[PDB]
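Q: Dropping a structure here in structure tokens format, bear with me for questions.
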RNA sequence: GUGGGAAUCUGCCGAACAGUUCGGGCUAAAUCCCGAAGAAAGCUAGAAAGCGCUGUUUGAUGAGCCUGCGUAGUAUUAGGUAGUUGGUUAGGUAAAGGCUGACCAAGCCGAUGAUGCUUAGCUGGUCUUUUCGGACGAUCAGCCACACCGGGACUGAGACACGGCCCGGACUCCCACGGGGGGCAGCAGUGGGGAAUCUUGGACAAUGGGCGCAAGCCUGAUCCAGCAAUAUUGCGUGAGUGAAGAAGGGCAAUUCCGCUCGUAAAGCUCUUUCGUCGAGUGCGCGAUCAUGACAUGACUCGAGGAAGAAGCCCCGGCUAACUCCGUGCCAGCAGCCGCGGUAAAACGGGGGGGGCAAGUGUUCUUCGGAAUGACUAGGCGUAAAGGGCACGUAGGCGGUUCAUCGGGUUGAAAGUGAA
Ligand SMILES: [K+]
Ligand SMILES: [K+]
Ligand SMILES: [K+]
Ligand SMILES: [K+]
Ligand SMILES: [K+]
Ligand SMILES: [K+]
Ligand SMILES: [Mg+2]
Ligand SMILES: [Mg+2]
Ligand SMILES: [Mg+2]
Ligand SMILES: [Mg+2]
Ligand SMILES: [Mg+2]
Ligand SMILES: [Mg+2]
Ligand SMILES: [Mg+2]
Ligand SMILES: [Mg+2]
Ligand SMILES: [Mg+2]
Ligand SMILES: [Mg+2]
Ligand SMILES: [Mg+2]
Ligand SMILES: [Mg+2]
Ligand SMILES: [Mg+2]
Ligand SMILES: [Mg+2]
Ligand SMILES: [Mg+2]
Ligand SMILES: [Mg+2]
Ligand SMILES: [Mg+2]
Ligand SMILES: [Mg+2]
Ligand SMILES: [Mg+2]
Ligand SMILES: [Mg+2]
Ligand SMILES: [Mg+2]
Ligand SMILES: [Mg+2]
Ligand SMILES: [Mg+2]
Ligand SMILES: [Mg+2]
Ligand SMILES: [Mg+2]
Ligand SMILES: [Mg+2]
Ligand SMILES: [Mg+2]
Ligand SMILES: [Mg+2]
Ligand SMILES: [Mg+2]
Ligand SMILES: [Mg+2]
Ligand SMILES: [Mg+2]
Ligand SMILES: [Mg+2]
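Residue numbers (the deposited numbering), protein chains in the order written: chain G, 2 to 129; chain K, 2 to 125; chain O, 2 to 111; chain P, 2 to 92.
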């Protein structure tokens, strides 16, 4: 999942820098759909649509020119509920703007919601 | 290197040789002079520097420089040797301490005299 | 034997004591089972001395049979956890005292 | 806890050697390193082959090195036999 | 170091339950030893229902044993092991066990580094550093090992026992010459080595320990004094005023009291912190029922006179701070670049100035600067560095959906993380 997740995120950033309108991602995953939902809620992409999610998936994303870099971690990284803010102050390059997206028992959340819910898990990646 | 490479083989340190091995991690040593002679410097500097071949208390043969103006060192003479090389003379890596053992201080030195072992003159 | 005793703290000419439960063969400042409280032997600014104790823990160690030493008996009695020592029933050694009042801020006589 | 291992040796009488697996957290470089410990275990009936996954239970020292008792064989190893292979080949 | 386990013991201390009966032996006796029942042991009307012992249940504290995880360098060390790995049966141990006698099988450890070699006590922690790391393990505290060098066991609840025993060896001292005696890596102290590290002190007054019913007796554990600028964000070396701009020293188209040392000094007024000297109370206080080495101390009062107390390095650039005289690639300086060959801000002296300050410079060692081994945080076309090219073992990494489970993960609670 990490290889295809980083693959799609780097496709998104590479096509953002060319000033395009839409991107197509294939292969896809449910983790990738939830990550894109977090990006849409934070306002870095406008819309995304998932096509044929149970046989051969493809995702179309519409861009607007707002995201600077998206990374997905290629290794295992644990985090507890009380280490989220200290980890965020060292993961983001600017230490102010950007969100760390972790996966939890309560679902795939970002780093600000998981502090409120008091639940930790595996760090998936970040976008800023 | 990749993180797997750094896990399997770590990172080493830089190679650097010791300058003053004959002191053996000690500030000063006590030695007996075997010869007292002069040497010419490396060009373009031309002089006649006073050196003394000293056998230390751990049986090492070193070359020591004699500071200041004038000296009274003889052979088989006990001197105190400290680190610090001389740039003009290649192969000379030490200094003699003025004012202790038999190497006397310099009378008449007034500026920076504690480096040469002179006592403070009397104010009259 | 498990004992309740005092261990020395502070510095030279400035004592302080810690009430600790130790095994009897341990050193004075060495291994201990528990720390139970503190005691200031010097008189404070209020004209009295200071003491703090862990009441439940001292109750537990006394119930399992620890033997307090000879100043700890006095301090546990004044704290009201032990009966009085036998030699306190004797009355003080009276006599004249230098009762000239002294001004507290300057140390000279008033 | 629960100790589960794979049998690597069974050529002793009433004894097996079981290899257990663990992950060591290399803190400086933030990766997980697989490490192995081989354990000698007691098995009275001599039933464990090479390649099965068994579970270990702690016990008192039974020998100089034997400190574990095999409790249950989880997954049994597969053994190829040529004569029975030809017998099932004919069918 | 951290967390656990079952196959054991545990004097003194707390709490129950029952006994403490009779002979003999050691010149004389016994709570010393032997025997019988069931295990023992008696003392005291001076300590008579007060001590002590024995047996059996237990708390508490210690100790033996086992174990999961973590814990140097080296591959220019690749094989090591033979009671070695397991099994049965006996013996032994308080206690599991090749701990070992006999017999049986050929196993066990190893490329996830066995074995060989070099080095080292481990931890809490100390120094340094925008977190990480690096060097260290000195004082203090926890664990371990050792007691002139090797090997043993006895007593004992507990030792294979620093100031206990036996045997061997080296050294050393006495001897009446037959032979005995000794182990400061306990506190002082002495030779030796070294660049270098302390008094052959006082007292059990406080704390802790041993014995004792107590009274009390021991304690180089400790507490307190002595030496050493070895360290620490301490304090003081005066506060004002003073122009005859004194004398003297240095420099000068030799300008402006010619410029400066310079209100600086001398002199006059004030106050005595630290130190000096002389006295007085002391259940001030460390200690209370009483017990004070420290204590010739501390506290309070009095005498006094600015009186007793400022050096070290530097002044070409890096780097704050400039002139005269002597030398002449000589003498010499130097952390780096470098200066010195007749006008040297760089050598040595006079004067003046700058930085620290009872200190200040030189040497040794550590970290930073050093992103100069780069996890945080670097690289490999031409600068150091892509294997001549592949195939593959271990390892590392690696698509999608649905369901089950709960080892990793995660939330709460409890135990633990000594000082
Ligand atoms: K090795
Ligand atoms: K510990
Ligand atoms: K020995
Ligand atoms: K005492
Ligand atoms: K000094
Ligand atoms: K003075
Ligand atoms: Mg064993
Ligand atoms: Mg050693
Ligand atoms: Mg740094
Ligand atoms: Mg270490
Ligand atoms: Mg020492
Ligand atoms: Mg004894
Ligand atoms: Mg015995
Ligand atoms: Mg002894
Ligand atoms: Mg001795
Ligand atoms: Mg000594
Ligand atoms: Mg000497
Ligand atoms: Mg006492
Ligand atoms: Mg007693
Ligand atoms: Mg100071
Ligand atoms: Mg005074
Ligand atoms: Mg006086
Ligand atoms: Mg008193
Ligand atoms: Mg004194
Ligand atoms: Mg300058
Ligand atoms: Mg000149
Ligand atoms: Mg200079
Ligand atoms: Mg000069
Ligand atoms: Mg570094
Ligand atoms: Mg890197
Ligand atoms: Mg580079
Ligand atoms: Mg490359
Ligand atoms: Mg090539
Ligand atoms: Mg090449
Ligand atoms: Mg699922
Ligand atoms: Mg789970
Ligand atoms: Mg907790
Ligand atoms: Mg602590």
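Backbone N, C-alpha and C fix where the C-beta goes; we use that ideal spot for every residue, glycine too.
Using a threshold of 8 Å, state whether the C-beta atoms of residue 49 (chain K) and residue 32 (chain K) are closer than that.
A: It is not a contact, given that the beta carbons lie outside the stated cut-off.
Q: Beta-carbon within less than 8 Å of residue 80 (chain G)'s beta-carbon, same chain only, minus the 5 sequence neighbours each way: which residues are those?
A: Closer than 8 Å at Cβ, skipping near neighbours: 88, 103, 121, 122, 123, 124.
Q: For ligand 7, any of its heavy atoms closer than 7 Å to the Cβ of residue 65 (chain P)?
A: Flag set: Cβ of residue 65 (chain P) near ligand 7.
Q: Beta carbon of residue 51 (chain K), beta carbon of residue 34 (chain K): below 8 Å?
A: Result no, Cβ atoms of residue 51 (chain K) and residue 34 (chain K) do not sit closer than 8 Å.
Q: In the structure shown, what three-state DSSP assignment does residue 28 (chain O) receive?
A: Coil, per DSSP.
Q: Do you know offhand how far residue 31 (chain P)'s Cα is from residue 25 (chain P)'s?
A: Rounded to whole angstroms, residue 31 (chain P) to residue 25 (chain P) spans 10 Å at the Cα level.
Q: Going along chain P in order, which residues have a C-beta closer than 7 Å to the C-beta of residue 8 (chain K)?
A: Within 7 Å Cβ-Cβ: 27, 30, 32, 34.
Q: Leaving out five residues before and five after residue 78 (chain P) in sequence, what residues of the same chain have Cβ atoms less than 6 Å from its Cβ?
A: So the list reads 50, 52, 53, once near-sequence residues are dropped.
Q: Classify residue 112 (chain G) as helix, strand or coil using the three-state DSSP reduction.
A: Correct three-state label for residue 112 (chain G): helix.
Q: Does residue 115 (chain K) pass the burial test, meaning 16 or more other C-beta atoms within 10 Å, or should it be called exposed?
A: Per the 10 Å Cβ criterion, exposed.
Q: Taking the straight line between their C-alpha atoms, what separation do you get for residue 106 (chain O) and residue 47 (chain O)?
A: Straight-line Cα distance between these residues: approximately 13 Å.
Q: Since residue 67 (chain P) and residue 3 (chain P) should fall inside the 8 Å C-beta cutoff, what is the C-beta to C-beta distance between them, to a whole number of angstroms?
A: Not confirmed; about 20 Å, so no contact.
Q: Tell me whether residue 62 (chain O) sits in a helix, a strand or coil according to DSSP, three-state version.
A: Correct three-state label for residue 62 (chain O): helix.
Q: Could you compute how far the alpha carbon of residue 127 (chain G) sits from the alpha carbon of residue 106 (chain G)?
A: The alpha-carbon atoms of residue 127 (chain G) and residue 106 (chain G) are separated by roughly 19 Å.
Q: Short check: CB of residue 77 (chain O) to CB of residue 67 (chain O), under 8 Å?
A: Contact flag unset, no.
Q: At 7 Å on the CB atoms, spell out the chain P contacts of residue 4 (chain K), in chain order.
A: Within chain P, the residues near residue 4 (chain K) are 30, 32.
Q: Could you tell me which of O:49, O:43, O:61 sits nearest to residue 35 (chain O), measuring between CA atoms?
A: Comparing Cα positions, the closest option is O:61.
Q: Inspect the beta-carbon positions of residue 9 (chain O) and residue 16 (chain O) and report whether they are closer than 8 Å.
A: In this structure, residue 16 (chain O) lies closer than 8 Å to residue 9 (chain O) by Cβ.
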